[PDB]
$ cat protein_17.tsv   # TSV, N, CA and C atoms and all ligand atoms
chain	number	residue	atom	x	y	z
A	1	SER	N	108.15	107.86	122.35
A	1	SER	CA	107.26	109.06	122.28
A	1	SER	C	106.52	109.23	123.59
A	2	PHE	N	105.76	110.32	123.70
A	2	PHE	CA	104.99	110.59	124.90
A	2	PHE	C	103.85	109.59	125.08
A	3	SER	N	103.10	109.33	124.01
A	3	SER	CA	101.99	108.39	124.10
A	3	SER	C	102.49	107.01	124.49
A	4	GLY	N	103.68	106.65	124.03
A	4	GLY	CA	104.22	105.34	124.33
A	4	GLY	C	103.48	104.26	123.58
A	5	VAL	N	102.69	104.67	122.59
A	5	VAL	CA	101.92	103.72	121.80
A	5	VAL	C	102.70	103.30	120.56
A	6	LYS	N	102.77	102.00	120.32
A	6	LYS	CA	103.48	101.50	119.15
A	6	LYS	C	102.50	101.07	118.08
A	7	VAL	N	102.91	101.20	116.82
A	7	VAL	CA	102.09	100.80	115.69
A	7	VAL	C	102.61	99.43	115.28
A	8	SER	N	101.77	98.41	115.36
A	8	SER	CA	102.19	97.06	115.01
A	8	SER	C	102.66	96.97	113.57
A	9	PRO	N	103.62	96.07	113.30
A	9	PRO	CA	104.14	95.89	111.95
A	9	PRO	C	103.00	95.58	110.98
A	10	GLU	N	102.00	94.83	111.44
A	10	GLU	CA	100.87	94.48	110.59
A	10	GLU	C	100.14	95.73	110.11
A	11	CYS	N	100.06	96.75	110.96
A	11	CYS	CA	99.39	98.00	110.59
A	11	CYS	C	100.12	98.64	109.42
A	12	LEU	N	101.44	98.74	109.54
A	12	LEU	CA	102.25	99.35	108.49
A	12	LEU	C	102.12	98.55	107.20
A	13	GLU	N	102.25	97.23	107.31
A	13	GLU	CA	102.16	96.35	106.16
A	13	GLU	C	100.80	96.45	105.46
A	14	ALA	N	99.72	96.47	106.23
A	14	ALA	CA	98.38	96.58	105.64
A	14	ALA	C	98.21	97.92	104.95
A	15	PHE	N	98.69	98.98	105.58
A	15	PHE	CA	98.57	100.30	104.97
A	15	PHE	C	99.37	100.35	103.67
A	16	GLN	N	100.60	99.83	103.71
A	16	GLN	CA	101.45	99.84	102.53
A	16	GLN	C	100.85	99.00	101.41
A	17	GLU	N	100.30	97.85	101.77
A	17	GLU	CA	99.68	96.97	100.79
A	17	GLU	C	98.51	97.68	100.11
A	18	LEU	N	97.72	98.39	100.91
A	18	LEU	CA	96.57	99.11	100.37
A	18	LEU	C	97.03	100.22	99.43
A	19	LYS	N	98.05	100.96	99.83
A	19	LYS	CA	98.56	102.06	99.03
A	19	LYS	C	99.39	101.67	97.81
A	20	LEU	N	100.30	100.71	98.00
A	20	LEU	CA	101.19	100.29	96.92
A	20	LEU	C	100.70	99.10	96.10
A	21	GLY	N	100.00	98.17	96.75
A	21	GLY	CA	99.52	97.00	96.04
A	21	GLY	C	98.11	97.13	95.53
A	22	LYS	N	97.37	98.08	96.09
A	22	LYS	CA	95.98	98.30	95.70
A	22	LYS	C	95.21	96.99	95.87
A	23	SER	N	95.66	96.15	96.80
A	23	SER	CA	95.03	94.86	97.04
A	23	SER	C	94.11	94.84	98.27
A	24	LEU	N	93.82	96.02	98.79
A	24	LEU	CA	92.94	96.16	99.95
A	24	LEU	C	92.14	97.43	99.74
A	25	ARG	N	90.88	97.41	100.18
A	25	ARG	CA	90.01	98.58	100.05
A	25	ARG	C	89.99	99.34	101.37
A	26	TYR	N	90.01	98.61	102.48
A	26	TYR	CA	90.01	99.27	103.78
A	26	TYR	C	90.59	98.45	104.92
A	27	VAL	N	91.01	99.15	105.98
A	27	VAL	CA	91.58	98.52	107.16
A	27	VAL	C	91.01	99.25	108.38
A	28	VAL	N	90.59	98.49	109.38
A	28	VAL	CA	90.06	99.07	110.61
A	28	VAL	C	91.05	98.73	111.71
A	29	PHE	N	91.53	99.75	112.42
A	29	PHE	CA	92.51	99.57	113.49
A	29	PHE	C	91.90	99.82	114.86
A	30	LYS	N	92.48	99.20	115.88
A	30	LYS	CA	92.01	99.38	117.26
A	30	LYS	C	93.19	99.32	118.23
A	31	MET	N	92.98	99.81	119.44
A	31	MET	CA	94.00	99.79	120.48
A	31	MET	C	93.98	98.38	121.08
A	32	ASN	N	95.14	97.84	121.45
A	32	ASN	CA	95.15	96.52	122.06
A	32	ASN	C	94.66	96.66	123.51
A	33	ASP	N	94.52	95.55	124.21
A	33	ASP	CA	94.00	95.57	125.58
A	33	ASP	C	94.81	96.39	126.59
A	34	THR	N	96.11	96.49	126.39
A	34	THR	CA	96.94	97.25	127.33
A	34	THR	C	97.09	98.70	126.89
A	35	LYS	N	96.51	99.04	125.74
A	35	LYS	CA	96.58	100.40	125.23
A	35	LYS	C	98.02	100.81	124.99
A	36	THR	N	98.83	99.85	124.56
A	36	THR	CA	100.24	100.10	124.30
A	36	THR	C	100.59	99.94	122.82
A	37	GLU	N	99.64	99.44	122.04
A	37	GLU	CA	99.88	99.23	120.62
A	37	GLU	C	98.59	99.30	119.81
A	38	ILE	N	98.70	99.84	118.61
A	38	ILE	CA	97.55	99.92	117.72
A	38	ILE	C	97.71	98.72	116.81
A	39	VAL	N	96.65	97.94	116.67
A	39	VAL	CA	96.69	96.74	115.85
A	39	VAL	C	95.58	96.73	114.81
A	40	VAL	N	95.64	95.74	113.92
A	40	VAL	CA	94.64	95.60	112.87
A	40	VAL	C	93.48	94.74	113.35
A	41	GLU	N	92.27	95.27	113.24
A	41	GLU	CA	91.10	94.50	113.65
A	41	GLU	C	90.49	93.84	112.42
A	42	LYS	N	90.50	94.55	111.30
A	42	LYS	CA	89.93	94.02	110.08
A	42	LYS	C	90.50	94.65	108.81
A	43	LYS	N	90.60	93.85	107.76
A	43	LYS	CA	91.06	94.35	106.48
A	43	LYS	C	90.17	93.68	105.45
A	44	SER	N	89.85	94.40	104.39
A	44	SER	CA	88.96	93.87	103.37
A	44	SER	C	89.24	94.38	101.96
A	45	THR	N	88.81	93.59	100.98
A	45	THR	CA	88.99	93.95	99.58
A	45	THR	C	87.63	94.34	99.00
A	46	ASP	N	86.59	94.24	99.83
A	46	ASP	CA	85.22	94.56	99.41
A	46	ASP	C	85.09	96.04	99.06
A	47	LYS	N	84.63	96.33	97.85
A	47	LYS	CA	84.48	97.71	97.38
A	47	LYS	C	83.18	98.38	97.79
A	48	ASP	N	82.27	97.61	98.39
A	48	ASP	CA	80.98	98.14	98.82
A	48	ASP	C	81.12	98.94	100.13
A	49	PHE	N	80.81	100.23	100.07
A	49	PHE	CA	80.92	101.10	101.24
A	49	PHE	C	80.07	100.62	102.42
A	50	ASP	N	78.90	100.05	102.13
A	50	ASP	CA	78.03	99.57	103.19
A	50	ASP	C	78.67	98.48	104.03
A	51	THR	N	79.51	97.66	103.40
A	51	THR	CA	80.20	96.58	104.09
A	51	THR	C	81.21	97.20	105.05
A	52	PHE	N	81.85	98.27	104.61
A	52	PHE	CA	82.81	98.98	105.44
A	52	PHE	C	82.09	99.52	106.69
A	53	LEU	N	80.96	100.18	106.48
A	53	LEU	CA	80.20	100.74	107.58
A	53	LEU	C	79.80	99.65	108.56
A	54	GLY	N	79.53	98.46	108.04
A	54	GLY	CA	79.14	97.35	108.89
A	54	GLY	C	80.27	96.85	109.77
A	55	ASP	N	81.51	97.23	109.43
A	55	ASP	CA	82.67	96.82	110.22
A	55	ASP	C	83.11	97.86	111.25
A	56	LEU	N	82.35	98.94	111.38
A	56	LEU	CA	82.66	99.96	112.36
A	56	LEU	C	81.79	99.71	113.59
A	57	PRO	N	82.39	99.75	114.79
A	57	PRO	CA	81.74	99.53	116.08
A	57	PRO	C	80.69	100.58	116.41
A	58	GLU	N	79.58	100.14	117.00
A	58	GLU	CA	78.53	101.06	117.37
A	58	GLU	C	78.85	101.76	118.69
A	59	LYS	N	79.52	101.06	119.60
A	59	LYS	CA	79.82	101.62	120.92
A	59	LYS	C	81.29	101.83	121.28
A	60	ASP	N	82.20	101.71	120.32
A	60	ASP	CA	83.62	101.90	120.62
A	60	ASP	C	84.30	102.68	119.50
A	61	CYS	N	85.45	103.27	119.80
A	61	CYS	CA	86.19	104.05	118.82
A	61	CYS	C	87.13	103.17	118.00
A	62	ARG	N	87.53	103.67	116.84
A	62	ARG	CA	88.44	102.97	115.94
A	62	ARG	C	89.07	103.99	115.02
A	63	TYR	N	90.08	103.55	114.27
A	63	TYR	CA	90.70	104.39	113.25
A	63	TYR	C	90.51	103.49	112.04
A	64	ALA	N	90.54	104.07	110.86
A	64	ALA	CA	90.42	103.28	109.65
A	64	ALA	C	91.02	104.03	108.48
A	65	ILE	N	91.39	103.29	107.45
A	65	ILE	CA	91.90	103.89	106.23
A	65	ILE	C	91.00	103.31	105.16
A	66	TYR	N	90.61	104.15	104.21
A	66	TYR	CA	89.74	103.69	103.14
A	66	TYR	C	90.26	104.23	101.82
A	67	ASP	N	90.40	103.36	100.82
A	67	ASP	CA	90.86	103.81	99.50
A	67	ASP	C	89.60	104.27	98.77
A	68	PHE	N	89.38	105.58	98.79
A	68	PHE	CA	88.20	106.17	98.19
A	68	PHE	C	88.35	106.57	96.73
A	69	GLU	N	87.52	105.97	95.88
A	69	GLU	CA	87.53	106.29	94.46
A	69	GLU	C	86.35	107.20	94.16
A	70	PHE	N	86.58	108.21	93.33
A	70	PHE	CA	85.54	109.16	92.97
A	70	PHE	C	85.76	109.69	91.56
A	71	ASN	N	84.73	110.32	91.01
A	71	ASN	CA	84.79	110.84	89.65
A	71	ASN	C	84.30	112.28	89.57
A	72	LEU	N	85.24	113.21	89.39
A	72	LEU	CA	84.90	114.62	89.28
A	72	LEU	C	84.81	115.04	87.81
A	73	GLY	N	85.27	114.18	86.91
A	73	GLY	CA	85.23	114.47	85.49
A	73	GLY	C	86.54	114.41	84.73
A	74	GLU	N	87.67	114.54	85.42
A	74	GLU	CA	88.97	114.51	84.75
A	74	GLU	C	89.65	113.14	84.78
A	75	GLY	N	88.89	112.11	85.16
A	75	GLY	CA	89.45	110.78	85.22
A	75	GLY	C	89.24	110.19	86.61
A	76	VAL	N	88.79	108.94	86.67
A	76	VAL	CA	88.55	108.30	87.95
A	76	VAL	C	89.77	108.46	88.84
A	77	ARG	N	89.56	108.98	90.04
A	77	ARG	CA	90.66	109.18	90.97
A	77	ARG	C	90.37	108.53	92.31
A	78	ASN	N	91.38	108.52	93.16
A	78	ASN	CA	91.24	107.94	94.48
A	78	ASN	C	92.09	108.68	95.49
A	79	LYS	N	91.62	108.67	96.73
A	79	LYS	CA	92.30	109.31	97.84
A	79	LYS	C	92.25	108.36	99.02
A	80	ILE	N	93.37	108.22	99.71
A	80	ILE	CA	93.41	107.37	100.89
A	80	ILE	C	92.85	108.26	102.00
A	81	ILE	N	91.77	107.82	102.64
A	81	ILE	CA	91.14	108.60	103.70
A	81	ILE	C	91.51	108.04	105.07
A	82	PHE	N	91.99	108.91	105.96
A	82	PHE	CA	92.32	108.48	107.32
A	82	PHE	C	91.10	108.86	108.14
A	83	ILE	N	90.51	107.88	108.81
A	83	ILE	CA	89.29	108.11	109.57
A	83	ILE	C	89.40	107.86	111.07
A	84	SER	N	88.95	108.83	111.86
A	84	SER	CA	88.90	108.67	113.31
A	84	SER	C	87.42	108.41	113.56
A	85	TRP	N	87.10	107.21	114.01
A	85	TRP	CA	85.72	106.81	114.28
A	85	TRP	C	85.48	106.85	115.79
A	86	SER	N	84.70	107.83	116.24
A	86	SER	CA	84.41	107.96	117.66
A	86	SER	C	82.93	108.23	117.91
A	87	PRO	N	82.12	107.17	118.03
A	87	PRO	CA	80.68	107.31	118.27
A	87	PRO	C	80.42	108.15	119.51
A	88	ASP	N	79.38	108.97	119.46
A	88	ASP	CA	79.01	109.82	120.58
A	88	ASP	C	78.76	108.98	121.83
A	89	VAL	N	78.21	107.79	121.63
A	89	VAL	CA	77.88	106.90	122.74
A	89	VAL	C	79.05	106.12	123.34
A	90	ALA	N	80.20	106.13	122.68
A	90	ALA	CA	81.37	105.41	123.20
A	90	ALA	C	81.79	106.02	124.54
A	91	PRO	N	82.34	105.20	125.45
A	91	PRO	CA	82.78	105.69	126.76
A	91	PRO	C	83.77	106.83	126.62
A	92	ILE	N	83.65	107.83	127.50
A	92	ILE	CA	84.54	108.98	127.46
A	92	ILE	C	86.01	108.55	127.57
A	93	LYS	N	86.27	107.53	128.38
A	93	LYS	CA	87.64	107.03	128.56
A	93	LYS	C	88.21	106.59	127.22
A	94	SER	N	87.39	105.88	126.45
A	94	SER	CA	87.82	105.39	125.14
A	94	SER	C	88.06	106.54	124.17
A	95	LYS	N	87.14	107.49	124.13
A	95	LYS	CA	87.28	108.64	123.24
A	95	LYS	C	88.60	109.33	123.53
A	96	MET	N	88.92	109.45	124.82
A	96	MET	CA	90.15	110.10	125.25
A	96	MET	C	91.38	109.31	124.82
A	97	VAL	N	91.37	108.01	125.07
A	97	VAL	CA	92.50	107.17	124.70
A	97	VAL	C	92.74	107.23	123.19
A	98	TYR	N	91.68	107.06	122.41
A	98	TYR	CA	91.84	107.11	120.96
A	98	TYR	C	92.28	108.49	120.48
A	99	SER	N	91.74	109.55	121.07
A	99	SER	CA	92.13	110.91	120.68
A	99	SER	C	93.62	111.13	120.96
A	100	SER	N	94.06	110.69	122.14
A	100	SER	CA	95.46	110.85	122.54
A	100	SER	C	96.44	110.00	121.72
A	101	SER	N	95.96	108.89	121.18
A	101	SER	CA	96.81	107.99	120.42
A	101	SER	C	96.74	108.16	118.90
A	102	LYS	N	95.81	108.98	118.43
A	102	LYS	CA	95.62	109.18	116.99
A	102	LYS	C	96.86	109.64	116.22
A	103	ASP	N	97.53	110.68	116.70
A	103	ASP	CA	98.71	111.18	116.00
A	103	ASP	C	99.78	110.11	115.81
A	104	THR	N	99.89	109.19	116.77
A	104	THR	CA	100.87	108.11	116.66
A	104	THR	C	100.65	107.31	115.38
A	105	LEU	N	99.40	106.98	115.09
A	105	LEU	CA	99.10	106.22	113.88
A	105	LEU	C	99.19	107.11	112.65
A	106	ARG	N	98.59	108.29	112.73
A	106	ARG	CA	98.58	109.21	111.61
A	106	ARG	C	99.97	109.54	111.07
A	107	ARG	N	100.92	109.81	111.97
A	107	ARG	CA	102.27	110.16	111.53
A	107	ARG	C	103.04	108.98	110.96
A	108	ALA	N	102.52	107.77	111.17
A	108	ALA	CA	103.18	106.58	110.65
A	108	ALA	C	102.84	106.36	109.18
A	109	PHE	N	101.73	106.95	108.74
A	109	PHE	CA	101.29	106.80	107.36
A	109	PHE	C	101.54	108.04	106.50
A	110	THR	N	102.13	107.83	105.33
A	110	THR	CA	102.36	108.94	104.41
A	110	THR	C	101.41	108.70	103.24
A	111	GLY	N	101.10	109.75	102.50
A	111	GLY	CA	100.22	109.60	101.36
A	111	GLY	C	98.73	109.71	101.65
A	112	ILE	N	98.37	110.15	102.86
A	112	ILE	CA	96.96	110.31	103.22
A	112	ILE	C	96.40	111.48	102.41
A	113	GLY	N	95.28	111.25	101.74
A	113	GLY	CA	94.69	112.29	100.93
A	113	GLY	C	93.65	113.15	101.61
A	114	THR	N	92.99	112.60	102.63
A	114	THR	CA	91.95	113.31	103.36
A	114	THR	C	91.84	112.78	104.78
A	115	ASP	N	91.67	113.68	105.74
A	115	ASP	CA	91.52	113.30	107.14
A	115	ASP	C	90.07	113.52	107.53
A	116	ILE	N	89.46	112.51	108.14
A	116	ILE	CA	88.06	112.60	108.56
A	116	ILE	C	87.88	112.23	110.02
A	117	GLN	N	87.12	113.05	110.74
A	117	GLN	CA	86.79	112.77	112.14
A	117	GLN	C	85.28	112.56	112.09
A	118	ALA	N	84.83	111.38	112.49
A	118	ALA	CA	83.40	111.08	112.45
A	118	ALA	C	82.80	110.76	113.80
A	119	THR	N	81.78	111.53	114.17
A	119	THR	CA	81.07	111.31	115.42
A	119	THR	C	79.63	110.96	115.05
A	120	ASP	N	79.31	109.68	115.14
A	120	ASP	CA	77.99	109.18	114.81
A	120	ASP	C	77.11	109.21	116.05
A	121	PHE	N	75.82	109.49	115.87
A	121	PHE	CA	74.89	109.53	116.99
A	121	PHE	C	73.91	108.37	116.88
A	122	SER	N	73.37	107.94	118.02
A	122	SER	CA	72.42	106.83	118.05
A	122	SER	C	71.10	107.17	117.37
B	1	LIG	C1	79.51	111.32	103.48
B	1	LIG	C2	79.75	109.96	104.10
B	1	LIG	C3	79.47	110.04	105.59
B	1	LIG	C4	79.34	108.59	106.05
B	1	LIG	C5	79.05	108.52	107.55
B	1	LIG	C6	78.53	107.11	107.84
B	1	LIG	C7	77.10	107.25	108.35
B	1	LIG	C8	76.57	105.85	108.64
B	1	LIG	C9	76.76	105.58	110.14
B	1	LIG	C10	76.22	104.19	110.42
B	1	LIG	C11	77.22	103.52	111.42
B	1	LIG	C12	77.21	101.98	111.20
B	1	LIG	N1	77.08	101.15	112.43
B	1	LIG	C13	75.75	101.22	112.97
B	1	LIG	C14	77.10	99.74	112.06
B	1	LIG	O1	77.96	101.34	113.26

$ encode --input "protein_17.tsv" --output "structure tokens"
Amino acid sequence: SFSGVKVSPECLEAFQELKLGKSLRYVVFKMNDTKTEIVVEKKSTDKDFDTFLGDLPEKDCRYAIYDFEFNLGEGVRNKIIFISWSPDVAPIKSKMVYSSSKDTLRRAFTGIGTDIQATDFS
């Protein structure tokens, strides 16, 4: 592809496990040092949203998938959320690299229920 970015096998496996095995609540992904591959930084079974927030970087970008459960009234449901985490304070170079590499990861995952772009401020 143009980006030349590869999605590590672990990324696919973690996503599949979360979707098919329901044995993971969330996964946080990051670019490797050479910016040639997206890898897994963290995976968790913790259902507490605050714990998830605690695993997101304050000064760097990341991507994440979260198995979101909610109740609208017709039966507890869930949606796999694809998240682009790009803090306002993160270096412009990083925001650019992650923005340019996002589609590579996104197109590798099927079954995404909601796409979220989050820009947190200090
Ligand atoms: C409607 C849900 C929106 C959730 C957005 C999350 C807001 C909390 C941002 C705190 C970021 C956590 N931190 C400092 C450790 O990086």

$ atom_distance --input "protein_17.tsv" --atom1 "atom CA of residue 19 of chain A" --atom2 "atom CA of residue 95 of chain A"
27.5 Å

$ atom_distance --input "protein_17.tsv" --atom1 "atom N of residue 21 of chain A" --atom2 "atom N of residue 117 of chain A"
24.1 Å

$ select_by_dssp --input "protein_17.tsv" --residues "segment 7-61 of chain A" --states "strand (DSSP E or B)" --output "VMD selection string"
chain A and resid 7 26 to 31 37 to 44

$ atom_distance --input "protein_17.tsv" --atom1 "atom C of residue 82 of chain A" --atom2 "atom N of residue 106 of chain A"
8.8 Å

$ select_by_dssp --input "protein_17.tsv" --residues "chain A" --states "alpha helix (DSSP H)" --output "ChimeraX atom specification"
/A:9-16,49-54,92-106

$ closest_residue --input "protein_17.tsv" --among "A:25, A:47, A:6, A:62" --to "ligand LIG 1 (chain B)" --atoms "only C-alpha atoms and all ligand atoms"
A:62

$ residues_near_ligand --input "protein_17.tsv" --ligand "ligand LIG 1 (chain B)" --cutoff "6 Å" --atoms "only C-alpha atoms and all ligand atoms" --output "PDB file with N, CA and C atoms, in the coordinates of the input"
ATOM      1  N   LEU A  53      80.960 100.180 106.480  1.00  0.00           N
ATOM      2  CA  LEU A  53      80.200 100.740 107.580  1.00  0.00           C
ATOM      3  C   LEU A  53      79.800  99.650 108.560  1.00  0.00           C
ATOM      4  N   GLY A  54      79.530  98.460 108.040  1.00  0.00           N
ATOM      5  CA  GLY A  54      79.140  97.350 108.890  1.00  0.00           C
ATOM      6  C   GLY A  54      80.270  96.850 109.770  1.00  0.00           C
ATOM      7  N   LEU A  56      82.350  98.940 111.380  1.00  0.00           N
ATOM      8  CA  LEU A  56      82.660  99.960 112.360  1.00  0.00           C
ATOM      9  C   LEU A  56      81.790  99.710 113.590  1.00  0.00           C
ATOM     10  N   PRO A  57      82.390  99.750 114.790  1.00  0.00           N
ATOM     11  CA  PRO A  57      81.740  99.530 116.080  1.00  0.00           C
ATOM     12  C   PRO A  57      80.690 100.580 116.410  1.00  0.00           C
ATOM     13  N   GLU A  58      79.580 100.140 117.000  1.00  0.00           N
ATOM     14  CA  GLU A  58      78.530 101.060 117.370  1.00  0.00           C
ATOM     15  C   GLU A  58      78.850 101.760 118.690  1.00  0.00           C
TER      16      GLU A  58
END

$ decode --input "protein_17.tsv" --residues "segment 3-25 of chain A" --atoms "N, CA, C and O atoms" --output "compact mmCIF listing (two decimals), in the first residue's frame"
# COMPACT_ATOMS: atom_id res chain seq x y z
N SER A 3 0.86 3.77 2.33
CA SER A 3 1.40 4.02 3.67
C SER A 3 2.59 3.12 3.94
O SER A 3 3.54 3.51 4.61
N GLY A 4 2.54 1.90 3.42
CA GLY A 4 3.62 0.96 3.64
C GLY A 4 3.62 0.47 5.08
O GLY A 4 4.58 -0.13 5.54
N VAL A 5 2.52 0.73 5.79
CA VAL A 5 2.41 0.31 7.18
C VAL A 5 1.75 -1.06 7.27
O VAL A 5 0.72 -1.30 6.64
N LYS A 6 2.35 -1.95 8.04
CA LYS A 6 1.79 -3.28 8.20
C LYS A 6 1.12 -3.41 9.56
O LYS A 6 1.52 -2.76 10.53
N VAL A 7 0.08 -4.23 9.62
CA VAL A 7 -0.63 -4.48 10.86
C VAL A 7 -0.09 -5.80 11.39
O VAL A 7 -0.22 -6.83 10.74
N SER A 8 0.52 -5.76 12.57
CA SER A 8 1.10 -6.97 13.15
C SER A 8 0.06 -8.06 13.36
O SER A 8 -1.12 -7.77 13.60
N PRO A 9 0.48 -9.33 13.25
CA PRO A 9 -0.44 -10.45 13.44
C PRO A 9 -1.12 -10.36 14.81
O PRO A 9 -2.29 -10.71 14.95
N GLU A 10 -0.38 -9.87 15.81
CA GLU A 10 -0.94 -9.75 17.15
C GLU A 10 -2.14 -8.81 17.17
O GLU A 10 -3.09 -9.03 17.91
N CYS A 11 -2.09 -7.76 16.35
CA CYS A 11 -3.20 -6.81 16.27
C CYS A 11 -4.46 -7.52 15.77
O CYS A 11 -5.54 -7.36 16.33
N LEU A 12 -4.31 -8.27 14.69
CA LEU A 12 -5.44 -9.00 14.12
C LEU A 12 -5.98 -10.00 15.12
O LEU A 12 -7.19 -10.07 15.34
N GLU A 13 -5.09 -10.76 15.73
CA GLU A 13 -5.47 -11.77 16.71
C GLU A 13 -6.20 -11.17 17.91
O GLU A 13 -7.22 -11.70 18.35
N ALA A 14 -5.69 -10.05 18.43
CA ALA A 14 -6.33 -9.40 19.57
C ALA A 14 -7.71 -8.88 19.19
O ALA A 14 -8.67 -9.01 19.96
N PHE A 15 -7.82 -8.29 18.00
CA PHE A 15 -9.11 -7.79 17.56
C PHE A 15 -10.10 -8.94 17.40
O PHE A 15 -11.24 -8.85 17.83
N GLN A 16 -9.65 -10.01 16.76
CA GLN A 16 -10.51 -11.17 16.54
C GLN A 16 -10.94 -11.80 17.87
O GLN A 16 -12.10 -12.18 18.04
N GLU A 17 -10.00 -11.89 18.80
CA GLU A 17 -10.30 -12.47 20.10
C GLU A 17 -11.37 -11.63 20.81
O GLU A 17 -12.29 -12.17 21.42
N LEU A 18 -11.23 -10.31 20.72
CA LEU A 18 -12.19 -9.42 21.35
C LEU A 18 -13.57 -9.58 20.72
O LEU A 18 -14.57 -9.66 21.43
N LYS A 19 -13.61 -9.63 19.40
CA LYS A 19 -14.87 -9.76 18.68
C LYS A 19 -15.53 -11.14 18.72
O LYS A 19 -16.74 -11.25 18.93
N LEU A 20 -14.73 -12.18 18.51
CA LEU A 20 -15.24 -13.54 18.48
C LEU A 20 -15.21 -14.30 19.80
O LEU A 20 -16.09 -15.12 20.07
N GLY A 21 -14.20 -14.03 20.61
CA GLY A 21 -14.09 -14.72 21.89
C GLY A 21 -14.69 -13.96 23.04
O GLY A 21 -14.97 -14.54 24.09
N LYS A 22 -14.89 -12.66 22.86
CA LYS A 22 -15.45 -11.82 23.91
C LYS A 22 -14.58 -11.95 25.16
O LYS A 22 -15.07 -11.79 26.28
N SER A 23 -13.30 -12.26 24.97
CA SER A 23 -12.37 -12.44 26.09
C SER A 23 -11.47 -11.23 26.35
O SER A 23 -10.50 -11.32 27.10
N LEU A 24 -11.80 -10.12 25.71
CA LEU A 24 -11.05 -8.88 25.88
C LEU A 24 -12.05 -7.74 25.83
O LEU A 24 -13.02 -7.80 25.09
N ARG A 25 -11.80 -6.70 26.62
CA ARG A 25 -12.68 -5.53 26.65
C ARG A 25 -12.10 -4.43 25.77
O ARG A 25 -12.83 -3.70 25.10
